[PDB]
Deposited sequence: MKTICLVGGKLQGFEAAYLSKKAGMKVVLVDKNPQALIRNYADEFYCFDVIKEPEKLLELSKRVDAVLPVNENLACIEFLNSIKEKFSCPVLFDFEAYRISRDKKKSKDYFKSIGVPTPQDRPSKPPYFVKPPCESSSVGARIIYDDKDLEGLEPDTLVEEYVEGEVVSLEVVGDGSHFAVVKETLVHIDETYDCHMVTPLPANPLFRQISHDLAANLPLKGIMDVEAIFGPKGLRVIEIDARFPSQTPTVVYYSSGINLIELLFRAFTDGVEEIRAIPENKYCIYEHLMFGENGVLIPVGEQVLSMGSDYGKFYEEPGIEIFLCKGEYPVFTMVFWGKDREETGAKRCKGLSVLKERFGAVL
């Protein structure tokens, strides 16, 4: 049995914990927040700030198989970079790739440098997209791009520095706030796969990255990369393709990775609002919760409950095809109806 240490216990931390458990690993969580969202989901919880007390994390490294940063606190990531040679196990992160991916303008310069199409900068006609809002005087540093209509599509890539494993396409379902409330799998797209390969190869990526593109009216446009363990999509990747991104990332830092199921999966967040009206919500709502863990499971159905000001449910449905998965979704909703008096 292997043991993984997660630095960060919110949304990324949940995803990494969830897949670590699927792989049969013990999950050790480090988080500075004593009320960290997934404190009760992890197998062990150590409450400290890694920047203030590095020796405690270094000591943990002696007794786990890997340390995975799962936060986007720049102070934390940059400090971890500065002490990474002192660790007694792999640190499953690409610090140079993160320095590029975190900065949207630097990412766009990177895309252009390798000929990857991306939305036009500072356009002259509306609509504009600004970063998240559509516009029909902001800080001098705001990204202004053309608004590209169409499907938002995600691909994860795991690299070992030499080989780049492009995994599974997913559809990012967006709400009125441009947050993601649902994820479903998509058929292979040879163009998007090659672009994602090249984005990883040219870094060169040793670690994990996701690539998001919009399938626009004038073709595919890459909108961002994020070189950190994602939320939401890895669960859909797991059921639809059989690949566990935690296992693949761990392999990239041990024996290496090789290039290249066909099930369906529906993943979504639902809030139980005023007098049990069921409302779709984005990730951002879930991150304001106080406690997050497993609520229910049967064949083809997992439900997680995120407690707080109005309970939020994360629903995971799978099956051999769209039809069987739709059937499980209906069953999962009725589990909420008969139990709680929920409407949808």
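Missing from the model relative to the deposited sequence are positions 132 to 140, 146 to 151, 276 to 279 (no C-alpha coordinates, numbering from 1).
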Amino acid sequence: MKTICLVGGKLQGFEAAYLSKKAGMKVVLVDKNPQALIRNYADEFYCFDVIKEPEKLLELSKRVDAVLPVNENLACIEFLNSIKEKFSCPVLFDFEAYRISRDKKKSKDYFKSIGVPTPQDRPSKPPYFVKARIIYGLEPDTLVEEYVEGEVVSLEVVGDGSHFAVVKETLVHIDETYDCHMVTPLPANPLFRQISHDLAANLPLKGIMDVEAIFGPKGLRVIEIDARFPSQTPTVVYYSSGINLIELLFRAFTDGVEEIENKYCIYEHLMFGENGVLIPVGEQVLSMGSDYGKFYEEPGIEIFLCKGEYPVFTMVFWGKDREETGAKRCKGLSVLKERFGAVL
From here on, numbers count along this sequence of modelled residues.
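So that the term is clear: the rigid core is the largest set of C-alpha atoms that superpose within 1.5 Å between two forms.
Larger root-mean-square CA separation from the shown form, computed after a rigid core fit of the structures in 5 other deposited structures of this protein, is seen for 139 to 147 when 139 to 147 is set against 184 to 192.
With 249 to 257 and 172 to 180 compared on mean CA B-factor from the PDB entry, the stretch scoring higher is 249 to 257.
The PDB entry records a higher mean C-alpha B factor for 331 to 339 than for its counterpart among 15 to 23 and 331 to 339. Comparing the C-alpha B-factors of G273, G159, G219, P234 in the entry, the top value falls on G273. Per the PDB entry, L278 shows the highest C-alpha temperature factor of the residues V67, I38, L278, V50. In the PDB entry, a CA B factor belonging to the highest third of its chain's modelled residues is recorded for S124. Ranked within its chain, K62 lands in the highest third, by CA B factor from the PDB record. Annotation for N262: CA B-factor lies in the highest third of the chain's modelled residues. In this PDB entry, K307 carries a Cα temperature factor that places it within the highest third of its chain's modelled residues. The entry lists a Cα temperature factor for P230 that places it in the lowest third of the chain's modelled residues.
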